[PDB]
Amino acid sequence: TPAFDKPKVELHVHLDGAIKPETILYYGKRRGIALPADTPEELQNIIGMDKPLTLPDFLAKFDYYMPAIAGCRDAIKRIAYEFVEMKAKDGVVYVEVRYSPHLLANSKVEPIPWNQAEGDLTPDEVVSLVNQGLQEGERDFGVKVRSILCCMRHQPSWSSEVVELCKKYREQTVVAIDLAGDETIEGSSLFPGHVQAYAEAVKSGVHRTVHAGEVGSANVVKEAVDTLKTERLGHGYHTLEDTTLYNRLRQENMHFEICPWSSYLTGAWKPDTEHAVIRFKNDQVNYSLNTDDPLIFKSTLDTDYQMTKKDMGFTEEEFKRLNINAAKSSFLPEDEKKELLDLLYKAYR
């Protein structure tokens, strides 16, 4: 039953919310971290969702699984390897994947993530292993992979390690910075650790994306654009609350990272209304379709397309239009960006 059986691209998906239950539950055994269940199927039920949660309830899910994988050096490279296959099974020819170095680390990170004890595995080593997993992954499954390192809203003191990690591992495989986390923290956009991590990126031409607009206000989005200088938005749904902001960003041909299934499940979208993507579709916006976290949302790429295929009208034409846009909007070098594009064109006709 796949809603769109063509090659796809995906620009908004998190490593740490795309681990197989099997693998989480594997490192749980392999190292003594007691999880809330012992066969994969009920993990995917506990560590998964089907109503709007609360925000507390959502973050706590991260408190379950993460410490099985974080701190373990091979679970790292492994979730990365497993990630890439997960995508070839979706039909994706190009993915940028994101995650926070920090939150798979247990050494040289204040504060130590997830309640872990100290350690041996630094933020910087984290990225290295992710590169390996992902780029072996590329070689066997046939996906083009870049990564993207996430700044965290509630930790602007990490942010500098993030842009500089970005610079340290550039195309190999890192292409962009992000800002992610609770976008509802008061003033987190303009916290100086972040404003400067983003000005560093401009400076040293690392590409940029931001979650804004998802669960937070139009002003979150403008801060993103005007102050952190994003090239793309993470979700951006609330953009439509500010008509000039929207209008301008339609003039600017900005890229919105839509996540349709993601958004219902978060409250981000109110099940009564006109889904924002339907607007973006009717106004010809530059958006892309994305799962965001397929673990928590017990989902796959096809699920997102299915939601819109059958709940919101979307045609094959449209589906194709948006992978196009997605490719165009990628943080790939320009030579490779047009190579993606021609793949997509030959496959699309």
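Sequential numbering from 1, following the sequence displayed.
J.: Tell me which of 86-94 and 124-132 has the higher mean C-alpha B-factor in the deposited entry.
T.: The stretch with the larger average C-alpha B-factor is 124-132.
J.: Could you check which stretch, 8-16 or 334-342, carries the larger mean CA temperature factor in the entry?
T.: According to the entry, 334-342 carries the higher average C-alpha B-factor.
J.: Between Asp272, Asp226, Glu231, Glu257, let me know which has the highest C-alpha B-factor in the entry?
T.: That would be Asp272.
J.: Determine which member of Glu186, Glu118, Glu200, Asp182 has the highest CA B-factor, using the values in the deposited entry.
T.: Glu118 has the highest C-alpha B-factor of those listed.
J.: Grab the CA temperature factor for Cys151 from the record and place it in the lowest, middle or highest third of its chain.
T.: Within its chain, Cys151 is a lowest-third residue by C-alpha B-factor, going by the deposited values.
J.: By the record's CA B-factor, is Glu164 among the lowest, middle or highest third of residues in the chain?
T.: For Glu164, whose C-alpha B-factor we compare with every modelled residue in the chain, the answer is the middle third.
J.: Test of reading the entry: by CA B factor among the chain's modelled residues, which third contains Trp114?
T.: It belongs to the highest third of the chain when residues are ordered by C-alpha B-factor.
J.: How does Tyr65 rank on Cα B-factor within its chain, lowest, middle or highest third?
T.: Highest third - that is where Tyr65 ends up once the chain's C-alpha B-factors are sorted.
J.: Sorting by Cα B-factor within the chain, modelled residues only, which third would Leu301 end up in: lowest, middle or highest?
T.: Its C-alpha B-factor belongs to the lowest third of this chain's values.
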